[PDB]
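Here's a solo chain for you in structure tokens, the form solved without the ligand.
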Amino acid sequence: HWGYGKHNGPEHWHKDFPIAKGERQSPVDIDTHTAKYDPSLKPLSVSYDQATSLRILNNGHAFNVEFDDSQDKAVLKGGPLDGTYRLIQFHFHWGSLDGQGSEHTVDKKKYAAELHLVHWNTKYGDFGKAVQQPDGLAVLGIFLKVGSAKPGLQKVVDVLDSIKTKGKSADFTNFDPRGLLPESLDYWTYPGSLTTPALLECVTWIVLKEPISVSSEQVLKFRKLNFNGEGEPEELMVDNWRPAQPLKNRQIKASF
């Protein structure tokens, strides 16, 4: 199957997943001078105070932190969205070096990593249903740059040792996502897709202007994860990002 290697990387995904060369693929390059300032755009509403983290798992391509989405516990609303979207999981994409790792680019600038908080539209009842609609998902993307340590990320970092290989999971309760948000909620938004197979075109992307800073030690720890399963040859989990895709007519609107 698919990966980020020489023989199964992004350039090969189209073979199993034809939609890889569809009309609304992600990520893209955000050209700040071409983005349209839209004054009709409402402020984002992030309601994560009653979030319920359950666990963390190494799925062989990233590590997912999962949340209880059986009720409106952690939700996203406002901004470009109509209705309420529930948080289901967050994950990151990171590089082998500090100069790469992000999926979206800003004026061709690459960040060290990118945080994706994934939410599904409650009018669809379940995640599986929401991935059948063009307005099924909303992904909140936050860039990471190397500098000062992010206190709020430390809890995730310390548990990576326990889920080093593909298929390993750990109980991960009482984790507050609010510690991973930047000061400002200014954003760019555009209609896209999931950045991993099945590359479904169901996402409303909200990418935050303001990056969060994390320390070299913190991102270092991400780089120690393995794509492989226990008892298998070691393949470091690095560079698990997809290159920018053709914008193809779409328009990127700015909230600022």
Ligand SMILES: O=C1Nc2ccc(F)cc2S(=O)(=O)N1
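Residue numbers here begin at 1 and follow the sequence given.
The mean Cα B-factor in the deposited entry runs higher for 41 to 49 than for the other of 41 to 49 and 59 to 67. Per-stretch averaging of Cα B factors for 14 to 22 and 230 to 238 places 230 to 238 on top.
Taking the deposited Cα B-factors for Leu117, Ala170, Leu76, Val146, the highest one is held by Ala170. Highest C-alpha temperature factor among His91, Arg86, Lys108, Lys166, as the PDB entry reports it: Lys166.
In this PDB entry, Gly101 carries a Cα temperature factor that places it within the lowest third of its chain's modelled residues. Per-chain ranking of the deposited C-alpha B factor places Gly141 in the lowest third.
Among the modelled residues of the chain, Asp72 sits in the highest third by CA temperature factor in this PDB entry. Ranked within its chain, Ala35 lands in the highest third, by CA B factor from the PDB record. Sort the chain's modelled residues by C-alpha temperature factor and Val219 lands in the middle third, per the entry.
Omitted from view is the form deposited with the ligand bound, to which the following refers.
Proximity to the ligand in the deposited complex, defined as a heavy atom within 4.5 Å, holds among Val75, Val118, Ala113, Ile163 only for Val118. In the deposited complex, the ligand sits beyond 4.5 Å of every heavy atom of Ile142. Among residues of the shown chain, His91 is one whose heavy atoms approach the ligand to within 4.5 Å in the deposited complex. Looking at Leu44, you'd find every heavy atom of it more than 4.5 angstroms from the ligand in the deposited complex.
When contacts are judged by a 4.5 Å heavy atom cut-off, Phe222 does not count as touching the ligand in the deposited complex. Contacts with the ligand in the deposited complex, taken as any heavy atom within 4.5 Å, map to no residue of 163 to 189.
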